[PDB]
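Next up: just one chain, as structure tokens, the form solved without ligand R8A.
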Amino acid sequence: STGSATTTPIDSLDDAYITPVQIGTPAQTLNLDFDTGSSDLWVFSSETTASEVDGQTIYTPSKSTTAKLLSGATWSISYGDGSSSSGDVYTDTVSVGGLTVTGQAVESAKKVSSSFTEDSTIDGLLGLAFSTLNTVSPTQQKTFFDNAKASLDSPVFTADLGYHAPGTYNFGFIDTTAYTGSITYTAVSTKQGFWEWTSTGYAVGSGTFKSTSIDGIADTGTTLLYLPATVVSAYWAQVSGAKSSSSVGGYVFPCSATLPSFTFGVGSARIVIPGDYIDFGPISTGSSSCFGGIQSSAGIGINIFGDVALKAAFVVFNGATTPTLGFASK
């Protein structure tokens, strides 16, 4: 089997991408944030505290003839940015882009944090990291991809995120028309539960490539590119007037600037992020200070190749017995 679904930016900045997901019988379609940095499929629901729902579409398990309470199971997740949610668990039929999994754990939120409530476009998350990170207790549950894998034509999914435009998540096949050149594959460590890999270096604009190992994660659920402070300083030094602002929370730059590209290495291959992908717009409406799309990871503990980086590539998440990542230009 295969599946193919379009993923759409939630706003004009590409802050996140939403993909329609069919849950239950008859289908209830919710727009979920596909997140290769986490491993829970959770949704706003009829059980979510009413004051914490503001415009999201909810899953109502009592209206699904295939929903079953997973008795005794609870979940609770804290993300890298401090956002959180928790609740109980149903199993139900879940379909993405024509690919159907029966008995998928659908984690129903009883509580969500302010960033989730404020995101009226996001009805939940669909985790695509390794199932070892799934938070369901006392019986850990598998991700949608893990449940689908054995049925797929090939045990892979691909992320093709658009710049200020829709893109595609495919399951079970690699669309050879969706990228240019060749796909370069690179080793993955699953030791932390992430799609963790080592970039071979970087360049700023037309500058020389610096060969240096940068361990990080491929994370579709993170908006920006978070890299070591040395790398980030080297980038922003090429933008007149750019500076790190403690009050804003990262590097800002004059909105009048033209940003240089940023290149990262995948083995001997190179992925070029155009400068415009690094502009996240005014820090507040009407401001001439703009927020940068490349930020320091120093306070995180891990480097994160988020959407800024991934949207410059066609990315293969190869879930074979020994997983690997592939990157192609497009």
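Numbering starts at 1 and follows the sequence shown.
Beyond what is shown, the protein has a form deposited with ligand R8A bound; the following relates to that form.
Given that ligand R8A is not shown alongside this chain, does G80 nevertheless sit within 4.5 Å of it in the entry with it bound, heavy atom to heavy atom? The answer is yes: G80 has a heavy atom within 4.5 Å of ligand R8A.
Should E52 be counted as a contact of ligand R8A in the entry with it bound, where contact means heavy atoms within 4.5 Å? Outside the cut-off, so no.
Please tell me whether any heavy atom belonging to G221 falls inside 4.5 Å of a heavy atom of ligand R8A, as the geometry stands in the entry with it bound. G221: contacts ligand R8A in the entry with it bound.
Does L125 make contact with ligand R8A in the entry with it bound, using a 4.5 Å heavy atom cut-off? So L125 counts as contacting ligand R8A.
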